[PDB]
């Protein structure tokens, strides 16, 4: 357990992946979402002493051949003996031996293994030499991207060195590294090295199970790049993956050069990521531009959280290939309705169930204003689905409008012939009565934006809202006394604080006669309640006091706290009453500039 020169051999629970480390720093944490079991023993070569803690004694080093046995690579040792490599790695020189573990030899195909045992003089010797370098190279010398000639026919050894400490040779991970030998060093790797493929393109053209992906590739003029030099990571979708897609989707993406090209580039990484370098979740930029999330669940590689990898670490002269169960479809290749996620299903179901999905033609460009599922109450879903169909028609535009194109005062046109006002604030974008959330996406033929509430375009003007309610009567009269009816009737952008008749019943009529004598003070007192521009409370950043200049001249202060709108530190009763030419906030008492 505790002591000097103690080594821990961990194994991820539920897998065969083993990680061998010294006890210098704590290495204990979940790997690939799973805990590990640990085996403590003296690091190879070190020994225990009586009455002492740990392993304070050490044995002398041996030659490379004996070090094969010191590290437990007894099968590699036997094969080294049978091929007469033993006498070379016992003599003069300095050698690096990437020795496959015993389990690595057990995992090798039986026909290949028997083929090696039947030709020990040449083929077996050439394979073991393929596992070797004619110089001593520690793991700190095996830099990422190095191509080091081996000891057989100068065959290239492709080194990868990752920030997490994983060192791979032809994607074979080094389990036990840096066992010093009198004439070299031994590193125990997790698989037997094999002949690398010619290139990724050549593997695609050769493999029949990648026929579909090949065709698409040749259609997208991207297969040529996968044959040139480089260090790519390709997530190749098999023919099963293409069969999984809905009908016509593959035909639709293939019929369009842009969607097909983006679809192809979305599977390719510009760097080499061996499977054994994945110890957790990370994001990687694809050639399409957008990223994919690569992770691991036990010994299963996950792509975008899906355990879709079935065959991994297909190494080739220009990078690695991992076969996957599904096709990776980037947003830039999806139809607009396909851009929605979980919290929009209701919306996307409704527009499908009420006959609007067919109106989103592939040759058109559209914008979906999708409310979250929480925005559809039972009372809303209980209305007649024709009215609900009109409402949904207020959430679809026949023009693609990206989030980066919206501006204050912009007017959007729904497919239902209605107009939507865009209000841009410092920290929020609100369309009519609904404000945007995060999660906007752009696709092949449109964009989608997520909203907290259902968008309901206003139907009454300020004047109609004022005269339809009785509690505003007196105030309305004053507004008409100031010749503001034409303002409250014509289109525009205003913010009006409407004091109820209760505020004037705090004046009790007499002060309305005292104010009636003033044909000028009513202009100030009344005009202070009006402000140019539409300022809704749910568009503010919470807690911050907004200083606005009313049309009267003096300042007014609006603060949104706990979903309540305060005006001059006075809690308003009703707020965000939308009209066609402004917004109304109902206040309890009168407002003065002070």
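Positions refer to the first chain, counted from 1.
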Averaging the C-alpha B factors as listed in the entry, name the stretch that ends up higher: 288-296 or 247-255.
247-255
Looking only at C-alpha temperature factors in the entry, 325-333 or 218-226, the higher average sits in 218-226
Selection from 471, 191, 176, 400 [criterion: highest C-alpha temperature factor in the record]
471
Looking at 477, 380, 346, 139, which has the biggest Cα B factor in the entry?
477
By the record's CA B-factor, is residue 518 among the lowest, middle or highest third of residues in the chain?
highest
Here the Cα B-factor of residue 33, set against its chain, lands in the third termed middle
Sort the modelled residues of this chain by their C-alpha B factor and say whether residue 409 lands in the lowest, middle or highest third.
lowest
Ordered by C-alpha B-factor within the chain, which third holds residue 304? Give me lowest, middle or highest, please.
middle
Among the modelled residues of its chain, the C-alpha B-factor of residue 41 falls in the third labelled middle
